[PDB]
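Comments concern the structure below.
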Amino acid sequence: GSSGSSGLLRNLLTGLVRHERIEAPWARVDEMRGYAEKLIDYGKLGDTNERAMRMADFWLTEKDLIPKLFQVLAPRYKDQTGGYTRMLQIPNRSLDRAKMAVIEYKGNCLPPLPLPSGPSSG
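Quick note, in this note's numbering, the sequence shown goes up one by one and the last residue is 431.
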């Protein structure tokens, strides 16, 4: 279907790390997930590789988020053995049916939420 974009994806990565959690559709989650995931992998290497630095600076503008990500998630995952981010499914609160999802980094300090009991949401 739809694939390819600019500017928007960059804002998603910056916002996701800032609040270590953001709300976006499947198309955005999958597309952003691939870019965000790769970014984390490079960060684990440290602020020594030009590729990782350029990627963080190119993808993330926040001059503070660039260094923090390498001194926050980079080290946090450095040990981890995979699975950095997590995708969650959520209902749509719009007139017309829509596909929304919630993404969060495996390592946040946010409160949980009550899962839907009914086998059908919409």
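Every residue, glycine too, gets a C-beta built ideally from N, C-alpha and C.
Per DSSP, which one or two residues make a beta bridge with residue i?
i: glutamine 398; result: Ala410
Leaving out five residues on either side along the sequence, give the residues of the same chain with a beta carbon under 6 Å from the beta carbon of residue i.
i: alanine 407; result: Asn401
i: residue 296; result: Outside the displayed range of the chain (310 to 431) lies residue 296, so it cannot be described from this structure.
i: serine 430; result: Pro400
Taking DSSP as the reference, what is the three-state secondary structure of residue i?
i: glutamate 332; result: strand
i: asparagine 320; result: helix
i: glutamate 371; result: coil
i: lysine 415; result: coil
i: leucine 404; result: coil
i: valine 381; result: coil
Using C-beta distances below 7 Å, list every residue in its chain close to residue i, excluding the 5 sequence neighbours before and after it, in chain order.
i: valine 338; result: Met396, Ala410, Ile412
i: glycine 352; result: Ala361, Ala365, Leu378, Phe379, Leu382, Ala383
i: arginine 363; result: none
Return the Cβ separation of residue i and residue j in integer angstroms, given the expectation that the two are a contact with Cβ distance under 8 Å.
i: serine 311; j: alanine 336; result: 6 Å
i: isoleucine 349; j: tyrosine 393; result: 5 Å
i: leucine 374; j: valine 326; result: 5 Å
Looking at the ligand FAD, does it come within less than 8 Å of residue i, judged from the CB to the closest heavy atom?
i: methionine 341; result: With respect to small molecules bound, the structure shown includes none, and the ligand FAD cannot be examined in it.
Could you say if the stretch 357 to 369 and the stretch 411 to 419 meet the contact criterion of at least three C-beta pairs nearer than 8 Å? Too few Cβ pairs lie closer than 8 Å, so no.
Measuring CB atoms only, is the stretch 311 to 325 touching the stretch 339 to 356, in the sense that at least three cross pairs come out at less than 8 Å? In short, these stretches touch, since the Cβ pair count reaches three.
Is there contact here, the stretch 414 to 424 with the stretch 378 to 389, by at least three beta-carbon pairs under 8 Å? Taking one beta carbon from each stretch, the stretch 414 to 424 and the stretch 378 to 389 have 3 or more pairs nearer than 8 Å; the two touch.
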